[PDB]
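Enquirer: Following this message is one structure expressed as structure tokens.
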Amino acid sequence: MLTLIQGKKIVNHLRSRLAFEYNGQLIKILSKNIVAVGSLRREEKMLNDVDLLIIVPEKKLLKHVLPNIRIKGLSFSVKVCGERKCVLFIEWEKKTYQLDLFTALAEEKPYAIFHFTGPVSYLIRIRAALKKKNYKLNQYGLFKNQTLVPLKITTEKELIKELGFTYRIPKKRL
Ligand SMILES: Nc1nc2c(ncn2[C@H]2C[C@H](O)[C@@H](COP(=O)(O)OP(=O)(O)OP(=O)(O)O)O2)c(=O)[nH]1
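Just add 228 to the spot in the sequence shown (first one is 1) and you have my numbering.
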């Protein structure tokens, strides 16, 4: 559906034109809080939908995006996915596209990004490996023998290094 260029230009527009309403007050939202994730990050020729990870330093402000969310001069629709995932649709220039958005906290920054960074297969492999190491990775933190422990990283590299693994390129899978 979307191409590398399309994704780049639409995301750029999307991020600089996003605004949500909280308590009747309009709060504009840029890429400062939202990071484009998908094949776009993997540097792919063509992808289906553009996904956007919205990382907020406050649980409140994060949930404040839900009451009202809009775009400047654009056609959209609001859908939900699972328990923490969200799905939106956007149309412009007589064209229609799919926009997936996930709500995450500033602490769930490295984890979320690592997840959308390359292929799910790699993640599953890591999750299974940690399971053998008696560790459990989750969107909220790392579980050491049922004991939840927070993260001391912010980078994917730092995350893999902290987890005890190596970082490979998603472009060539795993
Ligand atoms: N597609 C999708 N992605 C999710 C989900 N949960 C985590 N992710 C992971 C799976 C993929 O490895 C990675 C990329 O997800 P995206 O939703 O951003 O879409 P992307 O553009 O990468 O794939 P696409 O071109 O939209 O089909 O994110 C999910 O339930 N569905």
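Built from N, CA and C at the ideal position, the CB exists for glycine as well.
Return no unless some Cβ of chain C is closer than 7 Å to the Cβ of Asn296.
Expert: The structure shown has no chain C; it contains just one protein chain.
Enquirer: Using a threshold of 7 Å, state whether the C-beta atoms of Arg245 and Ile318 are closer than that.
Expert: Going by C-beta atoms, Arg245 is not nearer than 7 Å to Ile318.
Enquirer: Determine the closest residue to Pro338 out of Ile233, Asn240 and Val263, with distance taken between C-alpha atoms.
Expert: Considering only alpha carbons, the answer is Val263.
Enquirer: Sort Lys399, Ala356 and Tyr368 by Cα distance to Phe393 and report the nearest one.
Expert: Answer by Cα proximity: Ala356.
Enquirer: So is the beta-carbon of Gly266 under 6 Å away from any non-hydrogen atom of ligand 1?
Expert: Yes.
Enquirer: Ignore the nearest five residues each way along the sequence and tell me which others in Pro285's own chain have a CB closer than 7 Å to its CB.
Expert: Once the five neighbours on either side are set aside, the close Cβ partners of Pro285 are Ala334.
Enquirer: Going by DSSP, name the residue or residues bridged to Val265.
Expert: Note: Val265 sits in a beta bridge opposite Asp279.
Enquirer: Along the chain, where does the alpha helix (DSSP H) containing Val348 start, and where does it finish?
Expert: Start and end: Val348 to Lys361.
Enquirer: Could you round the C-beta distance between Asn261 and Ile282 to whole angstroms and report it? I think they count as a contact, below 8 Å.
Expert: Contact holds; Cβ gap of about 6 Å.
Enquirer: Identify the residues that DSSP records as bridge partners of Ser305: which are they?
Expert: According to DSSP, which records beta bridges pairwise, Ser305 is partnered with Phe317.
Enquirer: Within the present structure, is the beta-carbon of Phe342 separated from the nearest heavy atom of ligand 1 by less than 6 Å?
Expert: Not so, every heavy atom of ligand 1 lies at least 6 Å from the Cβ.
Enquirer: Among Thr231, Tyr395 and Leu351, which one has its Cα closest to the Cα of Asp277?
Expert: Among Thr231, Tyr395 and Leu351, the Cα nearest to that of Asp277 belongs to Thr231.
Enquirer: Run through DSSP, which three-state label would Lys337 get?
Expert: Helix.
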